[PDB]
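Only one chain comes next, encoded as structure tokens, the form deposited in one PDB entry.
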């Protein structure tokens, strides 16, 4: 039994990644109202707690942060804003559960499109680092593999 949490600003790819991992877009219809919606066996069971759609409700992310064990700080590489929003989330994790060390991973989503790129690999590396893509299914599984190891 494991609980991983996906964090980041809106329009980043949190939900796309979440669905792409647990089931996959298009290949099957996605029903987010059933018990197994966010659970995927991998050799152990994982529940993905995603703050997509509920970013405006600060209490929702905190509840997920409490119950979380792994954390994914996702950002778009077409948006300068999203990289700068990560520092705060990093801190807020170390407050709800109240510790010094917490298993997490930085994630750079939307790498497939680079004719709209404004952020570089440079900056993310300076801050675990992956340049993933939810739609192109690049590194989607890898993101959640690193967290169970940690």
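Positions refer to the first chain, counted from 1. Only the largest set of C-alpha atoms that superpose within 1.5 Å between the two forms is called the rigid core.
- Compared with the other entries of this protein, residue 58 is frequently left unbuilt, missing from a third or more of those that build its neighbours.
- Counting the unmodelled positions of the deposited sequence between residue 127 and residue 128 gives a gap of 4 to 9 residues.
- Counting the deposited residues that fall between residue 42 and residue 43 and carry no coordinates gives a value of 4 to 9.
- Taking the PDB entry as given, 99 to 107 carries the higher mean Cα B factor of the two stretches 99 to 107 and 43 to 51.
- Taking only CA atoms, the mean B-factor in the PDB entry is higher for 117 to 125 than for the other of 117 to 125 and 65 to 73.
- Of the candidates 59, 27, 34, 93, the PDB record gives 93 the highest C-alpha temperature factor.
- Residue 148: CA B factor lies in the highest third for its chain, per the PDB record.
The protein also exists as the form deposited in another entry; that form is not presented, and the subsequent description refers to it.
- Positional change of residue 120 between this form and the one not shown stays under 2 Å at the C-alpha, relative to the superposed core.
- Superposition of the core reveals a Cα shift of 2 Å or more for residue 36 between this form and the one not shown.
- Superposition on the rigid core between this form and the one not shown places the CA atom of residue 86 less than 2 Å from its counterpart.
- One change in the other entry concerns residue 30 and residue 48, whose Cα atoms lie at least 3 Å farther apart than in this form.
- Between the C-alpha atoms of residue 30 and residue 141, a gap widened by no less than 3 Å is obtained in the other entry, as opposed to the form on display.
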